[PDB]
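Here is upload_4.cif, consisting of mmCIF, C-alpha atoms:
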data_final
loop_
_atom_site.group_PDB
_atom_site.id
_atom_site.type_symbol
_atom_site.label_atom_id
_atom_site.label_comp_id
_atom_site.auth_asym_id
_atom_site.auth_seq_id
_atom_site.Cartn_x
_atom_site.Cartn_y
_atom_site.Cartn_z
ATOM 1 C CA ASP N 1 1.557 98.159 7.126
ATOM 2 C CA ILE N 2 -1.940 98.970 8.397
ATOM 3 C CA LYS N 3 -4.896 99.353 6.018
ATOM 4 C CA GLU N 4 -6.529 102.808 5.771
ATOM 5 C CA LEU N 5 -10.235 103.235 6.517
ATOM 6 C CA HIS N 6 -12.365 104.432 3.657
ATOM 7 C CA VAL N 7 -13.465 107.929 4.645
ATOM 8 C CA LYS N 8 -16.935 108.846 3.426
ATOM 9 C CA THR N 9 -18.246 112.353 3.929
ATOM 10 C CA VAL N 10 -21.956 111.810 3.719
ATOM 11 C CA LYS N 11 -24.980 114.057 3.722
ATOM 12 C CA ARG N 12 -28.123 113.413 5.743
ATOM 13 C CA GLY N 13 -30.473 111.383 3.544
ATOM 14 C CA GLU N 14 -27.691 109.870 1.433
ATOM 15 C CA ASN N 15 -27.663 106.081 0.950
ATOM 16 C CA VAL N 16 -24.345 104.489 1.799
ATOM 17 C CA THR N 17 -22.581 101.227 1.126
ATOM 18 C CA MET N 18 -19.502 100.147 3.085
ATOM 19 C CA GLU N 19 -17.393 97.489 1.414
ATOM 20 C CA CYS N 20 -16.025 94.162 2.588
ATOM 21 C CA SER N 21 -14.771 91.432 0.298
ATOM 22 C CA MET N 22 -15.405 87.686 0.372
ATOM 23 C CA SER N 23 -12.233 87.070 -1.668
ATOM 24 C CA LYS N 24 -9.916 85.812 1.065
ATOM 25 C CA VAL N 25 -12.468 84.705 3.678
ATOM 26 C CA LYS N 26 -11.686 81.274 5.099
ATOM 27 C CA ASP N 27 -14.915 80.717 7.033
ATOM 28 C CA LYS N 28 -17.883 82.970 6.252
ATOM 29 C CA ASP N 29 -19.620 82.094 9.556
ATOM 30 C CA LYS N 30 -16.854 84.028 11.341
ATOM 31 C CA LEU N 31 -17.441 87.181 9.288
ATOM 32 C CA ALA N 32 -19.221 90.202 10.843
ATOM 33 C CA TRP N 33 -19.534 93.990 10.843
ATOM 34 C CA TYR N 34 -18.650 96.001 13.933
ATOM 35 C CA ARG N 35 -19.996 99.493 14.630
ATOM 36 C CA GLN N 36 -18.085 101.967 16.767
ATOM 37 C CA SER N 37 -20.008 105.125 17.619
ATOM 38 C CA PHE N 38 -17.621 107.916 18.609
ATOM 39 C CA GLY N 39 -16.187 107.414 22.079
ATOM 40 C CA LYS N 40 -17.709 103.929 22.408
ATOM 41 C CA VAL N 41 -16.384 100.396 22.387
ATOM 42 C CA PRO N 42 -16.914 98.682 18.969
ATOM 43 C CA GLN N 43 -19.765 96.140 18.883
ATOM 44 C CA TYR N 44 -20.794 93.504 16.339
ATOM 45 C CA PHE N 45 -24.260 94.241 14.962
ATOM 46 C CA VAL N 46 -24.549 91.954 11.897
ATOM 47 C CA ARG N 47 -22.930 88.667 10.848
ATOM 48 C CA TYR N 48 -22.893 86.341 7.876
ATOM 49 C CA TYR N 49 -25.655 83.745 7.872
ATOM 50 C CA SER N 50 -26.188 80.759 5.570
ATOM 51 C CA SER N 51 -29.475 81.975 4.091
ATOM 52 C CA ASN N 52 -30.662 83.617 0.875
ATOM 53 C CA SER N 53 -30.235 87.124 2.338
ATOM 54 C CA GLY N 54 -26.856 86.034 3.745
ATOM 55 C CA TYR N 55 -26.884 87.884 7.077
ATOM 56 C CA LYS N 56 -28.365 88.056 10.571
ATOM 57 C CA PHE N 57 -28.443 91.057 12.900
ATOM 58 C CA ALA N 58 -27.137 90.919 16.457
ATOM 59 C CA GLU N 59 -29.574 90.424 19.326
ATOM 60 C CA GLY N 60 -30.905 93.816 20.370
ATOM 61 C CA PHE N 61 -30.045 95.520 17.073
ATOM 62 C CA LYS N 62 -33.027 96.903 15.129
ATOM 63 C CA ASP N 63 -32.879 99.499 12.378
ATOM 64 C CA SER N 64 -34.972 99.119 9.249
ATOM 65 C CA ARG N 65 -32.536 101.308 7.256
ATOM 66 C CA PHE N 66 -29.771 98.695 7.499
ATOM 67 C CA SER N 67 -29.244 95.791 5.080
ATOM 68 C CA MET N 68 -26.385 93.918 3.473
ATOM 69 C CA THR N 69 -25.469 92.860 -0.038
ATOM 70 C CA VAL N 70 -24.143 89.350 0.463
ATOM 71 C CA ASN N 71 -23.020 86.990 -2.243
ATOM 72 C CA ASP N 72 -19.959 85.048 -3.342
ATOM 73 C CA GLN N 73 -18.028 88.297 -3.927
ATOM 74 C CA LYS N 74 -19.447 90.790 -1.414
ATOM 75 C CA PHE N 75 -20.202 91.258 2.279
ATOM 76 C CA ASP N 76 -21.294 94.882 1.911
ATOM 77 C CA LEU N 77 -23.146 96.944 4.495
ATOM 78 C CA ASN N 78 -25.913 99.302 3.348
ATOM 79 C CA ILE N 79 -27.685 102.176 5.090
ATOM 80 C CA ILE N 80 -30.676 103.871 3.410
ATOM 81 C CA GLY N 81 -31.233 107.454 4.591
ATOM 82 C CA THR N 82 -28.092 107.930 6.640
ATOM 83 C CA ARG N 83 -28.068 110.572 9.404
ATOM 84 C CA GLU N 84 -25.596 111.935 11.966
ATOM 85 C CA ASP N 85 -26.531 109.172 14.440
ATOM 86 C CA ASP N 86 -24.749 106.826 11.994
ATOM 87 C CA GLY N 87 -21.508 108.801 12.195
ATOM 88 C CA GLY N 88 -18.742 106.557 13.455
ATOM 89 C CA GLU N 89 -16.478 103.807 12.245
ATOM 90 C CA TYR N 90 -17.431 100.434 10.833
ATOM 91 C CA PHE N 91 -15.069 97.482 10.646
ATOM 92 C CA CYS N 92 -15.426 94.211 8.782
ATOM 93 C CA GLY N 93 -13.726 91.412 10.689
ATOM 94 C CA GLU N 94 -13.198 87.666 10.413
ATOM 95 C CA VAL N 95 -12.453 85.674 13.581
ATOM 96 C CA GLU N 96 -9.444 83.342 13.177
ATOM 97 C CA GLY N 97 -8.533 81.288 16.250
ATOM 98 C CA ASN N 98 -7.531 83.583 19.111
ATOM 99 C CA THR N 99 -7.887 86.939 17.328
ATOM 100 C CA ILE N 100 -10.027 88.793 14.775
ATOM 101 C CA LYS N 101 -8.591 90.235 11.606
ATOM 102 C CA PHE N 102 -10.249 93.356 10.229
ATOM 103 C CA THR N 103 -10.006 93.325 6.432
ATOM 104 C CA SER N 104 -11.678 96.670 5.858
ATOM 105 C CA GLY N 105 -13.381 99.594 7.553
ATOM 106 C CA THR N 106 -15.102 102.861 6.844
ATOM 107 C CA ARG N 107 -15.445 106.116 8.732
ATOM 108 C CA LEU N 108 -18.772 107.814 8.161
ATOM 109 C CA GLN N 109 -18.562 111.540 8.753
ATOM 110 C CA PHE N 110 -20.859 114.528 8.194
ATOM 111 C CA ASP B 1 -26.231 99.836 25.888
ATOM 112 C CA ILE B 2 -22.695 100.320 24.558
ATOM 113 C CA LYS B 3 -19.715 100.741 26.901
ATOM 114 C CA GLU B 4 -17.880 104.102 26.837
ATOM 115 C CA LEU B 5 -14.157 104.240 26.066
ATOM 116 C CA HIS B 6 -11.953 105.563 28.811
ATOM 117 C CA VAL B 7 -10.650 108.885 27.514
ATOM 118 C CA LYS B 8 -7.128 109.702 28.654
ATOM 119 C CA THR B 9 -5.614 113.065 27.839
ATOM 120 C CA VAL B 10 -1.942 112.326 28.107
ATOM 121 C CA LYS B 11 1.209 114.380 27.908
ATOM 122 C CA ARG B 12 4.304 113.371 25.963
ATOM 123 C CA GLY B 13 6.535 111.413 28.342
ATOM 124 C CA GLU B 14 3.674 110.264 30.575
ATOM 125 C CA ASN B 15 3.424 106.544 31.399
ATOM 126 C CA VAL B 16 0.015 105.080 30.688
ATOM 127 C CA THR B 17 -1.937 102.002 31.651
ATOM 128 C CA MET B 18 -5.080 100.933 29.789
ATOM 129 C CA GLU B 19 -7.337 98.567 31.688
ATOM 130 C CA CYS B 20 -8.903 95.234 30.816
ATOM 131 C CA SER B 21 -10.310 92.801 33.341
ATOM 132 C CA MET B 22 -9.899 89.034 33.609
ATOM 133 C CA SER B 23 -13.096 88.793 35.688
ATOM 134 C CA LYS B 24 -15.490 87.433 33.073
ATOM 135 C CA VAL B 25 -13.016 85.944 30.579
ATOM 136 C CA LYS B 26 -14.003 82.451 29.473
ATOM 137 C CA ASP B 27 -10.818 81.530 27.606
ATOM 138 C CA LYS B 28 -7.720 83.666 28.187
ATOM 139 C CA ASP B 29 -6.046 82.392 24.981
ATOM 140 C CA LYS B 30 -8.699 84.317 23.021
ATOM 141 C CA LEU B 31 -7.921 87.603 24.781
ATOM 142 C CA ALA B 32 -5.969 90.360 22.964
ATOM 143 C CA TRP B 33 -5.432 94.107 22.621
ATOM 144 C CA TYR B 34 -6.204 95.879 19.359
ATOM 145 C CA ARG B 35 -4.656 99.207 18.352
ATOM 146 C CA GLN B 36 -6.424 101.586 15.994
ATOM 147 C CA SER B 37 -4.319 104.535 14.865
ATOM 148 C CA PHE B 38 -6.540 107.361 13.620
ATOM 149 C CA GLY B 39 -8.011 106.631 10.205
ATOM 150 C CA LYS B 40 -6.698 103.048 10.197
ATOM 151 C CA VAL B 41 -8.230 99.616 10.535
ATOM 152 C CA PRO B 42 -7.792 98.190 14.096
ATOM 153 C CA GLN B 43 -5.097 95.502 14.420
ATOM 154 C CA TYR B 44 -4.218 93.051 17.195
ATOM 155 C CA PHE B 45 -0.711 93.704 18.508
ATOM 156 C CA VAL B 46 -0.550 91.691 21.769
ATOM 157 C CA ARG B 47 -2.357 88.614 23.108
ATOM 158 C CA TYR B 48 -2.524 86.574 26.278
ATOM 159 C CA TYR B 49 0.080 83.830 26.524
ATOM 160 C CA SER B 50 0.441 81.039 29.089
ATOM 161 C CA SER B 51 3.799 82.187 30.461
ATOM 162 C CA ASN B 52 5.090 84.041 33.518
ATOM 163 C CA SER B 53 4.867 87.420 31.742
ATOM 164 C CA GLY B 54 1.425 86.408 30.430
ATOM 165 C CA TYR B 55 1.553 87.944 26.944
ATOM 166 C CA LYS B 56 3.033 87.711 23.454
ATOM 167 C CA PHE B 57 3.282 90.478 20.862
ATOM 168 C CA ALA B 58 1.960 90.096 17.329
ATOM 169 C CA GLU B 59 4.357 89.200 14.523
ATOM 170 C CA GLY B 60 5.882 92.398 13.180
ATOM 171 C CA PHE B 61 5.134 94.442 16.306
ATOM 172 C CA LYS B 62 8.197 95.817 18.125
ATOM 173 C CA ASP B 63 8.211 98.656 20.628
ATOM 174 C CA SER B 64 10.285 98.438 23.785
ATOM 175 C CA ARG B 65 7.989 100.939 25.565
ATOM 176 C CA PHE B 66 5.074 98.483 25.552
ATOM 177 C CA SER B 67 4.383 95.846 28.223
ATOM 178 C CA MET B 68 1.422 94.299 29.985
ATOM 179 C CA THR B 69 0.455 93.619 33.576
ATOM 180 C CA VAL B 70 -1.078 90.163 33.391
ATOM 181 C CA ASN B 71 -2.331 88.128 36.297
ATOM 182 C CA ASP B 72 -5.499 86.478 37.559
ATOM 183 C CA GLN B 73 -7.233 89.875 37.842
ATOM 184 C CA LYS B 74 -5.676 92.043 35.117
ATOM 185 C CA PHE B 75 -4.905 92.128 31.399
ATOM 186 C CA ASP B 76 -3.599 95.700 31.440
ATOM 187 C CA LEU B 77 -1.636 97.406 28.685
ATOM 188 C CA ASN B 78 1.270 99.691 29.621
ATOM 189 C CA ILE B 79 3.204 102.285 27.630
ATOM 190 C CA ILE B 80 6.293 103.945 29.157
ATOM 191 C CA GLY B 81 7.059 107.368 27.658
ATOM 192 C CA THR B 82 3.946 107.840 25.566
ATOM 193 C CA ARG B 83 4.070 110.217 22.574
ATOM 194 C CA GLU B 84 1.676 111.487 19.893
ATOM 195 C CA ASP B 85 2.440 108.460 17.682
ATOM 196 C CA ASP B 86 0.529 106.456 20.325
ATOM 197 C CA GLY B 87 -2.590 108.593 19.937
ATOM 198 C CA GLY B 88 -5.488 106.411 18.878
ATOM 199 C CA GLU B 89 -7.907 103.920 20.326
ATOM 200 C CA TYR B 90 -7.151 100.638 22.041
ATOM 201 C CA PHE B 91 -9.683 97.861 22.489
ATOM 202 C CA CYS B 92 -9.515 94.757 24.642
ATOM 203 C CA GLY B 93 -11.383 91.902 22.992
ATOM 204 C CA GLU B 94 -12.130 88.234 23.605
ATOM 205 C CA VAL B 95 -13.000 86.011 20.629
ATOM 206 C CA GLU B 96 -16.141 83.906 21.235
ATOM 207 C CA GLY B 97 -17.179 81.640 18.358
ATOM 208 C CA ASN B 98 -18.052 83.721 15.298
ATOM 209 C CA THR B 99 -17.494 87.199 16.771
ATOM 210 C CA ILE B 100 -15.240 89.147 19.150
ATOM 211 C CA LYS B 101 -16.581 90.952 22.172
ATOM 212 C CA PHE B 102 -14.737 94.082 23.265
ATOM 213 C CA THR B 103 -14.971 94.409 27.048
ATOM 214 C CA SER B 104 -13.103 97.688 27.321
ATOM 215 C CA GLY B 105 -11.235 100.340 25.373
ATOM 216 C CA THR B 106 -9.322 103.551 25.788
ATOM 217 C CA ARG B 107 -8.792 106.595 23.614
ATOM 218 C CA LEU B 108 -5.368 108.138 24.037
ATOM 219 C CA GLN B 109 -5.360 111.801 23.109
ATOM 220 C CA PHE B 110 -2.889 114.687 23.401
#

Go through the file and emit its structure as structure tokens.
Amino acid sequence: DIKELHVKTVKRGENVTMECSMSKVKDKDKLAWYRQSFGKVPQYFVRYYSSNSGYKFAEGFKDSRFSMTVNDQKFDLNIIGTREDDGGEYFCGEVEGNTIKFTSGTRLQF
Amino acid sequence: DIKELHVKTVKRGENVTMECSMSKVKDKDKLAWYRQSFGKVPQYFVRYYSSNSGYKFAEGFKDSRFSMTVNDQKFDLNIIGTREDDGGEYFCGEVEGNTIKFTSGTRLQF
């Protein structure tokens, strides 16, 4: 089967966390979040990084409201003070050889 | 910027082609199409293959209406006799190191 997206109906100003698990990850370096604004191609904007914070944003991405909770269990994506510009779908994917496998995703709607 | 999806309003029974270019592809083996049914996580269902047809479907995928036009210029996805079950978004992506880059995508709507 195909996994369902988590659907979060959020209110402007709400703080959101979108979940992705480390449980079955083979190589953390190949783990990233992809943002798809409505009607756009998805694009990676943050990836795992071997550091204390545990992540690095994509070149050209800047938004102080975004962070991640990264540890041995979690690769979770946080937004403080969400707004309608954040509406869209978010996918957590791990590259494996020739393809990427998306283990989870969330639709943020208002 | 982010690339726009091609939006195709299709009618049941129409034959559709969704476009992806070979032009800038570094390694064709890492090229695949991803299907995202509404509310679901995207999933690869067909990839480039070094053969005369030029593609191989994912394990578990079977749909006789699907094919690809694959050559030195094109990695195009075809559906003969489209129906509302095909509604969703389709992304063409090439794996590069730790992330995938989606070069094109199409939303199929009815």

*asked:* Quick one: residues within 12 Å of stretch 25-30 of chain N, all atoms listed in the file, excluding same-chain residues fewer than 4 positions away - as a PyMOL selection string?
replied: (chain N and resi 20-21+44+46-51+54-56+70-75+92-97+99-103) or (chain B and resi 95-100)

_6 Å contacts from chain N to chain B using only C-alpha atoms, as a PyMOL selection string_ = chain N and resi 3-5+30+39-41+98+105

*Evaluate the PyMOL selection byres ((chain N and resi 65) around 7) and record the selected residues as a VMD selection string, following the chain and residue labels used in the document.*
chain N and resid 63 to 64 66 to 67 79 to 81

*Residue members of the PyMOL selection byres ((chain B and resi 11) around 9) in the file shown, as a PyMOL selection string*: chain B and resi 9-10+12-15+82-84+109-110

Using all atoms of stretch 85-101 of chain B listed in the file and a margin of 3 Å per side, can you give the axis-aligned box centre and edge lengths in Å to one decimal, as AutoDock Vina command-line options?
--center_x -7.8 --center_y 95.1 --center_z 20.0 --size_x 26.5 --size_y 33.0 --size_z 15.3

_So, with all atoms listed in the file as the atoms that count, which of B:35, B:18, B:24, B:76 lies closest to residue B:53?_
B:76

*One decimal, Å: what's the distance from atom CA of residue B:16 over to atom CA of residue B:78, could you say?*
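One can read the atom CA of residue B:16 to atom CA of residue B:78 distance as 5.6 Å.
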
_Report, in Å to a single decimal, how far apart atom CA of residue N:86 and atom CA of residue N:62 are._
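Answer for the atom CA of residue N:62 to atom CA of residue N:86 separation: 13.3 Å.
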
Could you add N, CA and C atoms to stretch 79-107 of chain B and give me the result as a tab-separated table (two decimals), in the frame of the given file?
chain	number	residue	atom	x	y	z
B	79	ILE	N	2.22	101.62	28.50
B	79	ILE	CA	3.20	102.28	27.63
B	79	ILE	C	4.05	103.25	28.47
B	80	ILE	N	5.37	103.05	28.47
B	80	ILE	CA	6.29	103.94	29.16
B	80	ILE	C	6.78	105.00	28.18
B	81	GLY	N	6.56	106.27	28.50
B	81	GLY	CA	7.06	107.37	27.66
B	81	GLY	C	6.18	107.52	26.43
B	82	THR	N	4.89	107.70	26.66
B	82	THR	CA	3.95	107.84	25.57
B	82	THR	C	4.25	109.10	24.76
B	83	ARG	N	3.92	109.05	23.46
B	83	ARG	CA	4.07	110.22	22.57
B	83	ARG	C	2.91	110.24	21.59
B	84	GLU	N	2.80	111.33	20.82
B	84	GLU	CA	1.68	111.49	19.89
B	84	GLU	C	1.51	110.36	18.88
B	85	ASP	N	2.59	109.65	18.54
B	85	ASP	CA	2.44	108.46	17.68
B	85	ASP	C	1.53	107.38	18.29
B	86	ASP	N	1.37	107.42	19.62
B	86	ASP	CA	0.53	106.46	20.32
B	86	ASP	C	-0.93	106.88	20.36
B	87	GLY	N	-1.21	108.12	19.96
B	87	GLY	CA	-2.59	108.59	19.94
B	87	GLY	C	-3.42	107.63	19.10
B	88	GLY	N	-4.64	107.37	19.56
B	88	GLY	CA	-5.49	106.41	18.88
B	88	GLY	C	-6.37	105.74	19.89
B	89	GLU	N	-7.00	104.66	19.47
B	89	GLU	CA	-7.91	103.92	20.33
B	89	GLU	C	-7.42	102.50	20.46
B	90	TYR	N	-7.63	101.96	21.65
B	90	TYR	CA	-7.15	100.64	22.04
B	90	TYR	C	-8.33	99.85	22.58
B	91	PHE	N	-8.53	98.64	22.06
B	91	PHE	CA	-9.68	97.86	22.49
B	91	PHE	C	-9.23	96.51	23.00
B	92	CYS	N	-9.79	96.09	24.12
B	92	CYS	CA	-9.52	94.76	24.64
B	92	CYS	C	-10.65	93.85	24.23
B	93	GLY	N	-10.34	92.78	23.51
B	93	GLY	CA	-11.38	91.90	22.99
B	93	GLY	C	-11.12	90.43	23.19
B	94	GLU	N	-12.19	89.69	23.47
B	94	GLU	CA	-12.13	88.23	23.60
B	94	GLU	C	-12.97	87.60	22.50
B	95	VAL	N	-12.32	86.79	21.67
B	95	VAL	CA	-13.00	86.01	20.63
B	95	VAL	C	-13.93	84.97	21.28
B	96	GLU	N	-15.17	84.91	20.80
B	96	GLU	CA	-16.14	83.91	21.24
B	96	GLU	C	-16.94	83.40	20.03
B	97	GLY	N	-16.51	82.26	19.49
B	97	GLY	CA	-17.18	81.64	18.36
B	97	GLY	C	-16.97	82.40	17.06
B	98	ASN	N	-18.05	83.01	16.58
B	98	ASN	CA	-18.05	83.72	15.30
B	98	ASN	C	-17.69	85.21	15.38
B	99	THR	N	-17.72	85.76	16.59
B	99	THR	CA	-17.49	87.20	16.77
B	99	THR	C	-16.53	87.45	17.92
B	100	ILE	N	-16.03	88.69	18.01
B	100	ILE	CA	-15.24	89.15	19.15
B	100	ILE	C	-16.10	90.09	19.97
B	101	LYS	N	-15.90	90.04	21.28
B	101	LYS	CA	-16.58	90.95	22.17
B	101	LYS	C	-15.53	91.85	22.82
B	102	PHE	N	-15.67	93.16	22.66
B	102	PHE	CA	-14.74	94.08	23.26
B	102	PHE	C	-15.26	94.49	24.62
B	103	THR	N	-14.51	94.16	25.68
B	103	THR	CA	-14.97	94.41	27.05
B	103	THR	C	-14.60	95.79	27.55
B	104	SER	N	-13.56	96.37	26.95
B	104	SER	CA	-13.10	97.69	27.32
B	104	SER	C	-12.28	98.32	26.20
B	105	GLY	N	-12.12	99.63	26.29
B	105	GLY	CA	-11.24	100.34	25.37
B	105	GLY	C	-10.89	101.69	25.92
B	106	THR	N	-9.82	102.26	25.37
B	106	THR	CA	-9.32	103.55	25.79
B	106	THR	C	-8.97	104.37	24.56
B	107	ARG	N	-9.33	105.65	24.59
B	107	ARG	CA	-8.79	106.60	23.61
B	107	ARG	C	-7.66	107.38	24.26
